[PDB]
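Here's a solo chain for you in structure tokens, the form solved without the partner chain.
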């Protein structure tokens, strides 16, 4: 996974209209039409496009793309950094949402989802689920056989691979 290789993969990850959209903002900081912008403006374009890198993350990227000291970042490297950030942010969002999902499922707030809680939420979806079906989910997800799903087990059940 070389730079060019990473760059190829960053473009395949986005739709072309998204890429053109990203470049239209990036171009407003170029001016010289060189295809690059100052590393001092990278945080601003990234936030303009919905990303939220921390200052340490910004520092780390700049050090990664500015080894020759030109003080600029080109568009292709920009896309790589944007896809890195997108993936990190989206994963943060999913984790957050799963913790919310669990507090809701765990009706009595004991820190566990029991079969009663599990059946109540699945039946409320409107799907025609049977008690068999609920009990099958419980057994497959209950890794330590204590009859309930803790948060770790929940994460594993939901993310599936996990």
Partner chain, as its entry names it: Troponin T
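In this text, rigid core is short for the largest set of C-alphas that superpose within 1.5 Å between two forms. Residue numbers count along the first chain shown, from 1.
The form solved in complex with the partner chain exists for this protein as well; it is not shown, and the discussion that follows is about that form.
The partner chain is not shown here, and in the bound PDB entry it never comes within 4.5 Å of any heavy atom of residue 40. For residue 110, a non-hydrogen atom is located within 4.5 Å of the partner chain in the bound PDB entry, even though that partner is not displayed.
Within this chain, residue 100 lines the site of the partner chain in the bound PDB entry, having a heavy atom no more than 4.5 Å away.
Among heavy atoms of residue 36, none comes within 4.5 Å of the partner chain in the bound PDB entry. Interface residues of 137 to 154, taken as those with a heavy atom within 4.5 Å of the partner chain in the bound PDB entry (partner not displayed): 144, 146, 150, 151, 152, 153, in sequence order. In a rigid-core overlay of the protein, residue 136 has its C-alpha displaced by under 2 Å between this form and the one not shown. Core-superposed comparison between this form and the one not shown: the C-alpha position of residue 57 differs by no less than 2 Å. With the core held fixed, residue 117 shows a CA shift below 2 Å between this form and the one not shown.
Compared with the form shown, the residue 55-residue 9 C-alpha separation increases in the bound PDB entry, the change being 3 Å or greater.
The pair residue 69 and residue 83 is at least 3 angstroms closer at the CA level in the bound PDB entry than in the present model.
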